[PDB]
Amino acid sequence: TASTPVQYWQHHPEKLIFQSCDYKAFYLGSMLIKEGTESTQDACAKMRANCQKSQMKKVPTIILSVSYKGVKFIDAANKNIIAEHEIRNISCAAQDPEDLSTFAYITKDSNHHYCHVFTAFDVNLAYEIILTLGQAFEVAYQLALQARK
């Protein structure tokens, strides 16, 4: 439902159910959100702006782990947990219209939203990662539907 339909699925669903799908990307930072897709677009442009020392500052590499349970990202070098989000608390994931390599997802804290912003090591990877997040939403949904009689 407004999530990734099956013909766009990048993974055998088993890789989101019995395991996670793990990617690396640059982390640009997380931003608190007042509230469209304006939200993601606005936050993406701001977070990129914050990361420009112009040249870009040496932003950390994170490992993003995606399953039907939700999303975790940790520092790729240090391995410390930056955030673990249950999938129910994730509203959406989207690409930056201005830089298609950049992508974000939004979580529900409290009573405010946070937008977590990343830049893939490739534009192709930004598509694949967003598609994976999309698929994880749909797989979680399908598992939940079948759970209750």
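A residue's number is simply how far along the shown sequence it sits, counting from 1.
Peer 1: Does the entry skip any residues of the deposited sequence between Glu35 and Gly36, and if so, is it 1 to 3, 4 to 9, or 10 or more, or none at all?
Peer 2: Gap between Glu35 and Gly36: 1 to 3 residues without coordinates.
Peer 1: Relative to the deposited sequence, how many residues with no modelled coordinates occur between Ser54 and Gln55 (none, 1 to 3, 4 to 9, 10 or more)?
Peer 2: In the record, 1 to 3 residues between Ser54 and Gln55 lack coordinates.
Peer 1: Of 89-97 and 36-44, which one has the bigger average CA B-factor?
Peer 2: Per the deposited B-factors, the answer is 36-44.
Peer 1: Higher average CA B factor in the deposited record is what I'm after, so tell me if that's 115-123 or 45-53.
Peer 2: So the stretch with the higher mean C-alpha B-factor is 45-53.
Peer 1: Could you check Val66, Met31, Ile63, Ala104 and tell me which one carries the biggest Cα B-factor in the deposited entry?
Peer 2: In this record, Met31 carries the highest C-alpha B-factor of the candidates.
Peer 1: Consider only the C-alpha atoms of the modelled residues in this chain, order them by B-factor as the entry records it, and name the third containing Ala144: lowest, middle or highest.
Peer 2: Middle third, going by the recorded CA B-factors of the chain.
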